């Protein structure tokens, strides 16, 4: 249980005006931090419950590990696939192979953005939207709460649709949040994940879910 909060690749105000400095600070230093802290605590306590043959605690702590582990994975991925709007990495030309495949699948990048926006706005309750790479092709999938993408689904990029991700700035207007987050998507990161050029940093953690 020695997981740590990652440093952001940028300052808390670096994604303005798409995402406010207050949201970024809270989202990282409070929400993500709490997932890390509670993940570590559940993992250590789980080791005690296993040795004690305490089946009720094992079941409860496994659920806590899945929730907080998913929160750690998802937010870690999220920071990496965001960048300042002025960065060259926010230009989809940074992702030639990914955008070529997107066009073959949805017709165009704009048509893909429309489809993913509808999926994001359709999530009931808290959750995430993902572009994932499967052997059978690219696909848009959503997960509830802190469910991570696992198995044969390789995450290309994710967008957080929990209300804490946008409410202070956009209020109930989650559509405006989604419209603006496209400006700060790190297409360089998405390309690297699509091509398989980044090792999976959470391979071990996924084994504990």
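Residue numbers count along the first chain shown, from 1.
For the stretches 102-110 and 70-78, which has the higher mean C-alpha B-factor as given in the deposited record? Here the higher of the two C-alpha B-factor means belongs to 102-110.
Comparing 90-98 with 120-128, which has the greater mean CA B-factor as deposited? Higher mean C-alpha B-factor in the PDB entry: 90-98.
Name the residue from 23, 201, 185, 11 with the greatest C-alpha temperature factor listed in the entry. In this record, 201 carries the highest C-alpha B-factor of the candidates.
Compare the CA B factors listed in the entry for 34, 142, 146, 58 and report the winner. That would be 58.
Using the temperature factors of the C-alpha atoms in this entry, rank residue 177 within its chain: lowest, middle or highest third. It belongs to the middle third of the chain when residues are ordered by C-alpha B-factor.
Ranked by Cα temperature factor within the chain, is residue 38 in the lowest third, the middle third or the highest third? Middle third of the chain for residue 38's C-alpha B-factor.
Among the modelled residues of its chain, does the C-alpha B-factor of residue 29 lie in the lowest, middle or highest third? For residue 29, whose C-alpha B-factor we compare with every modelled residue in the chain, the answer is the lowest third.
Is residue 155 in the lowest, middle or highest third of its chain when residues are ranked by C-alpha B-factor? Answer is middle: the recorded C-alpha B-factor places it there.
Which third, lowest, middle or highest, does the C-alpha temperature factor of residue 46 belong to within its own chain? CA B-factor rank for residue 46: highest third.
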